[PDB]
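Chemist: Structure for this input, please:
(one chain, ligands or ions: 1)
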Amino acid sequence: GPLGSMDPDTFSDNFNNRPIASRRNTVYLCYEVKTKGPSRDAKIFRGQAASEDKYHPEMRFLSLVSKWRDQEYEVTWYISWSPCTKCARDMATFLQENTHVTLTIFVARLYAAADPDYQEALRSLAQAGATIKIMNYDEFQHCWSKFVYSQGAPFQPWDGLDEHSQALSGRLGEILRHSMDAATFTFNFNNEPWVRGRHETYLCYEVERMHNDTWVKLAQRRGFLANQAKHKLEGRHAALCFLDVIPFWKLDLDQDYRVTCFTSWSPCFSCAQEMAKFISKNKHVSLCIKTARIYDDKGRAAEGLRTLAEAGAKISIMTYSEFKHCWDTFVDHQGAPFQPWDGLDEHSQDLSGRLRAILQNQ
Ligand SMILES: [Zn+2]
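Modeler: Numbers count the residues shown, from 1 in each chain. Take a look at the structure below.
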């Protein structure tokens, strides 16, 4: 194992998009610096380093891209975990201040845990002039063949490489676009009460401040999220993941707000109790939960919705207006209008009647 390299046991430990997470918060970055120009035979300078905080040898390339005569640089990152909340912002600053440097980042695992500032930092880094993509078979093979000391051993992938590297691609697309996919929305937000294959739960949310005598939308605070799930790397539900993102808003305690939650699946009993116990401790928030389908939760969901509404939560079923409003704001439509599926108003009124029955104690 030559110094400055990673033996195969270190590669197949950091660059592995399988569910397993990072209890040991370690990241490993491989960098390729090239002189921008016409040369297809340009000498690419490769290096690699893992996060070592004290001295930071992973940033030993920032001196390799100093402005030197009329030379531009192309940098290619093969980073293990997604960049940090502060590292991404600092790299955006550096890309803004150093115009002669272009950067292309390849991510193996995205930071599953989120924070509005983290998404903001990734989007600002993308705006700065960087290109972020998820590693697939080509990138994993190209990294194994130039940053791993393999004594002849060829690259052997895992079972679900593309199956995970495409889910992470969709996650990154949702993160960078600030809008989810149109097919994803037309799939998850369905109106029929009994469906199949809707394992994940998507949740959009809007905030409105009470100014003058009017709810004014805090348009800089709207956003969506999805559940985590999976195993072998557990995860919370979408409602609980929304109850975690609220403290990062720095809400004013003297004024009142209205928070609207557009949910694909209605909250279960655990999430309903957690939401009730949250809004009971934050009386400066009026929660209105507009849902698409009514999640039965094996029976214990009607009582959960009843308990949630007894604290002061406006539970309701999405109609055509709410579906179209969710289309024009949270999905990547690119100008296309909302074309609703057949039966929208029918299942809408049916689920409204069933919710009214549930709420009239039934
Ligand atoms: Zn739940």
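
Chemist: Give me the neighbour count for the closest residue to residue 216 other than its chain neighbours.
Modeler: Excluding the flanking residues, the one nearest residue 216 by CB to CB, 6 or more residues apart in numbering is residue 209, at 5.4 Å. C-beta coordinates here come from the backbone N, C-alpha and C atoms, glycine included. Using other CB atoms under 10 Å, residue 209 has 16 neighbouring residues.

Chemist: Do any residues in whichever strand or helix holds residue 209 lie close to the ion?
Modeler: Assigning secondary structure by DSSP states H and E places residue 209 in strand 202-211. No: judged by CB under 5 Å from the ion, strand 202-211 makes no contact with the ion; its nearest approach is 10.1 Å.

Chemist: same for that strand, what does it pack against?
Modeler: Where contact means 3 or more CB pairs under 8 Å, 6 or more residues apart in numbering; DSSP states H and E, strand 202-211 is packed against helix 182-188, strand 214-217, strand 223-226, helix 238-245, strand 257-265, helix 320-330.

Chemist: Just give me how far the longest one sits from the chain centre.
Modeler: Between the mean C-alpha point of helix 320-330 and the mean C-alpha point of its chain there is a distance of 20 Å (CA atoms, centre = their mean, to the nearest Å).

Chemist: For that helix, which residues meet the burial criterion?
Modeler: Under the neighbour-count criterion of 16 or more other CB atoms under 10 Å, helix 320-330 has 322-327, 330 buried.

Chemist: Output the contacting helices and strands for it.
Modeler: In terms of contacts (3+ CB pairs under 8 Å, 6+ apart), helix 320-330 is packed against helix 182-188, strand 202-211, strand 257-265, helix 344-359.

Chemist: and this protein, what are its domains?
Modeler: 8-177, 182-360 (curated CATH domains).

Chemist: Which one of those domains lies nearest to residue 1?
Modeler: domain 8-177 (6.1 Å; CB to CB).

Chemist: Report how many residues lie close to the residue of the stretch 51-200 of the chain found nearest the ion.
Modeler: Proximity of the stretch 51-200 of the chain to the ion (CB to the ion) peaks at residue 200, 11.9 Å away. Applying other CB under 10 Å, we find 17 other residues in the vicinity of residue 200.

Chemist: From what I see, it and residue 227 are in contact.
Modeler: Yes: between residue 200 and residue 227 there is a contact at 5.4 Å, judged by CB atoms under 8 Å.

Chemist: quick one on the thing from earlier: the residue nearest to residue 216 is in contact with residue 254, isn't it?
Modeler: No: Residue 209 is not in contact with residue 254 according to CB under 8 Å; the separation is 11.6 Å.

Chemist: hang on, the earlier thing: of the buried residues of helix 320-330, closest to residue 63?
Modeler: Nearest member of the buried residues of helix 320-330 to residue 63, counting by CB to CB, is residue 330, at 42.8 Å.

Chemist: where's that closest one relative to the ion, distance?
Modeler: According to CB to the ion, to the nearest Å, residue 330 and the ion sit 20 Å apart.

Chemist: ok, now residue 13?
Modeler: 33 Å.

Chemist: buried sites along the helix or strand hosting that residue?
Modeler: Using DSSP H and E, residue 13 falls within helix 8-14. Using 16+ other CB under 10 Å as the test for burial, helix 8-14 gives 8, 10-14.

Chemist: Repeat that for stretch 220-235.
Modeler: Within stretch 220-235, the residues scored as buried using 16+ other CB under 10 Å are 221-228.

Chemist: And stretch 246-266, by the same measure?
Modeler: Within stretch 246-266, the residues that count as buried by 16+ other CB under 10 Å are 251, 257-266.

Chemist: so who does the closest residue to residue 146 other than its chain neighbours touch?
Modeler: Excluding the flanking residues, the one nearest residue 146 by CB to CB, 6+ apart is residue 46, at 5.9 Å. The contact partners of residue 46, by CB atoms under 8 Å, 6 or more residues apart in numbering, come to 30-32, 146-147.

Chemist: Turn the buried residues of stretch 246-266 into JSON lines, including distance to residue 274.
Modeler: Shown next, in JSON lines, are the buried residues of stretch 246-266 (distance: CB to CB, whole Å):
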{"residue": "251", "distance to residue 274": "18"}
{"residue": "257", "distance to residue 274": "19"}
{"residue": "258", "distance to residue 274": "20"}
{"residue": "259", "distance to residue 274": "15"}
{"residue": "260", "distance to residue 274": "18"}
{"residue": "261", "distance to residue 274": "13"}
{"residue": "262", "distance to residue 274": "18"}
{"residue": "263", "distance to residue 274": "14"}
{"residue": "264", "distance to residue 274": "18"}
{"residue": "265", "distance to residue 274": "15"}
{"residue": "266", "distance to residue 274": "14"}
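
Chemist: ok, so of these, who is nearest the ion?
Modeler: residue 265 (7.5 Å).

Chemist: pretty sure the closest one is touching residue 238, no?
Modeler: Yes: assessed by CB under 8 Å, residue 265 is found in contact with residue 238 at 7.3 Å.
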